[PDB]
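Colleague: Before I ask anything, let me first share the structure, which is written out below as structure tokens.
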Amino acid sequence: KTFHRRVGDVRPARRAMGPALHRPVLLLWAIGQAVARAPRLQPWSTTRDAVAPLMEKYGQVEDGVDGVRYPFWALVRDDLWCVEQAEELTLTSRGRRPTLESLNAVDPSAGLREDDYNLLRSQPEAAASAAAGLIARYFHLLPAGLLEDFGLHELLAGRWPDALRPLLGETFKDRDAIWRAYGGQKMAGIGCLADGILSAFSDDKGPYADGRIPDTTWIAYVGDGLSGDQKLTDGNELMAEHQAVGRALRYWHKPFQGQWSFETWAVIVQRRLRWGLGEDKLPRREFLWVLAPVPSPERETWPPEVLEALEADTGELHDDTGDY
DNA sequence: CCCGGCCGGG
DNA sequence: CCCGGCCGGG
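Under our numbering, the first residue of the first sequence is numbered 1, with each subsequent residue one higher.
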């Protein structure tokens with residue numbers, strides 16, 4: 001329901017050649033519009049040639065013009081968009097987005113939801129997170145290009161990810177108690193909060209212990225399969241996804257009979273396979289995600305030693321199940 | 001060229 | 001089962 005949620009729920013499926021940026025590109029522009037006090041609903045014709053150039057540069061699509069058709073209809077059933085004069089459009093391919101002719105012929109004014117147009121105009125902070133969300137989840141390298149073009153530069157200048165929540169160091173008693181505040185799931189240590197940003201949870205088993213790998217800057221985090229050989233699925237897949245592109249994630253830590261707290265952003269810098277003990281207490285094959293903390297998601301902020309280490313990493317699983 | 005059916009991921 | 005961008009063939 002919560003606009004914050006729904007924008008977070010916008011996860012395009014993982015096609016082979018990346019996921020489809022069409023739907024985020026639109027939402028990003030549409031926030032840039034509401035920030036720039038543009039009109040709530042706008043006609044198809046005008047939106048089309050306004051977004052299409054962005055879609056070509058920033059959604060790495062060939063025909064930006066065509067591109068817009070899909071999200072322009074689709075985003076409605078993501079409960080974020082709305083389209084007056086729906087009935088009048090003539091549809092194709094069973095229920096899917098209608099024909100280019102009915103779009104050009106009817107020139108339907110489409111735009112953002114009611115409450116959402118109000119919320120963005122009235123509260124910049126909510127507008128700030130949402131573009132920070134997408135900016136993080138889907139772009140996250142921020143080539144100088146889009147800052148200005150999408151909106152936005154004025155909105156998120158300085159440190160963009162400032163707008164995201166939680167803040168660093170925020171503290172909660174339960175795993176549950178985090179969930180009330182940020183959603184996602186109590187569950188695997190690997191997951192995404194309502195905002196659609198990945199979060200990894202480290203529950204310390206012993207006092208005067210934490211995950212730091214000795215004689216090193218980094219943190220050893222264990223894949224989230226609970227009792228037998230772990231699999232590149234769910235949480236582990238998510239890690240591998242982030243690892244590929246060099247995207248960062250929230251590292252949560254509970255000291256031990258201590259409260260959870262959002263201790264740092266971190267980036268996967270190595271993926272390792274190890275023997276370890278299940279919850280069942282028998283040996284098993286498990287993932288070792290090696291994390292390097294960083295100040296924020298903004299690459300500009302990352303120290304060189306981290307950058308070297310991603311450069312250096314092959315991206316490939318290292319199987320140590322041959323000697324331990 | 002832009003209907004459609006076709007992919008293939010949830 | 002479901003749908004959203006892909007891409008064939010009219």
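All residues carry an ideal CB built from backbone N, CA and C; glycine is no exception.
What residues match up with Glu237 in a beta bridge as DSSP calls it?
Modeller: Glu237 is not bridged by DSSP to any residue.
Colleague: Opposite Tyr251 in the DSSP bridges: which residues?
Modeller: Bridge partners of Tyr251: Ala200, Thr264.
Colleague: When burial is assigned at 16 or more other CB atoms within 10 Å of the CB, is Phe256 buried or exposed?
Modeller: Exposed, since its Cβ has fewer than 16 Cβ neighbours within 10 Å.
Colleague: Specify whether the region 284-295 and the region 215-229 touch according to this definition: at least 3 beta carbon pairs, one from each stretch, less than 8 Å apart.
Modeller: yes
Colleague: Rounded to whole angstroms, what's the CA-CA distance from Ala244 to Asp280? Just pull it up for me.
Modeller: 32 Å
Colleague: Around the C-beta of residue 398, are 16 or more other C-beta atoms found within 10 angstroms, so that it is buried, or is it exposed?
Modeller: No statement about residue 398 is possible, as the shown extent of the chain runs from 1 to 324 and does not include it.
Colleague: Can you check the region 17-87 for any beta strand (DSSP E) of at least 3 residues that lies completely inside it and give the ranges in chain order?
Modeller: 41-43, 81-83
Colleague: Just verifying my parser: in three-state terms, what is the DSSP assignment at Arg94?
Modeller: coil
Colleague: Here's the rule: buried if 16 or more other CB atoms are within 10 angstroms of the residue's CB, otherwise exposed. What is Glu298?
Modeller: buried
Colleague: Using 10 angstroms around the beta-carbon of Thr47, count the other beta-carbons present and answer buried if the total reaches 16, otherwise exposed.
Modeller: Around the Cβ of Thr47, a 10 Å sphere holds 16 or more other Cβ atoms; the residue is buried.
Colleague: Under a three-way DSSP split, which group does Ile213 fall into?
Modeller: coil
Colleague: Please state the DSSP three-state secondary structure of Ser109.
Modeller: strand
Colleague: Alpha carbon to alpha carbon, what distance is there between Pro39 and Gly32?
Modeller: 11 Å
Colleague: Within a Cβ cutoff of 7 Å, which residues of the same chain sit near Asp320, ignoring the five residues on either side of it in sequence?
Modeller: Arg272, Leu273, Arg274
Colleague: By the three-class DSSP mapping on this structure, what secondary structure does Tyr221 have?
Modeller: strand
Colleague: Three-state secondary structure (DSSP) at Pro304?
Modeller: helix
Colleague: Between the Cα of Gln230 and those of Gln185, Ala194, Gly276, spot the shortest distance and give me the residue it belongs to.
Modeller: Minimum Cα distance to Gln230 is reached at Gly276.
Colleague: Per the DSSP calculation, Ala292 is bridged to which residue(s)?
Modeller: Note: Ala292 sits in a beta bridge opposite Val267.
Colleague: Can you check whether the CB of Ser129 is closer than 9 Å to the CB of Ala163?
Modeller: yes
Colleague: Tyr70: which of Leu28, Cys192, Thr99, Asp79 sits nearest, CA to CA?
Modeller: The candidate whose alpha carbon is nearest that of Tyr70 is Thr99.
Colleague: Just reading off the alpha helix (DSSP H) that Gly191 is part of, what are its end residues?
Modeller: Where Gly191 is concerned, there is no enclosing alpha helix (DSSP H), although the beta strand (DSSP E) it sits in stretches over 190-192.
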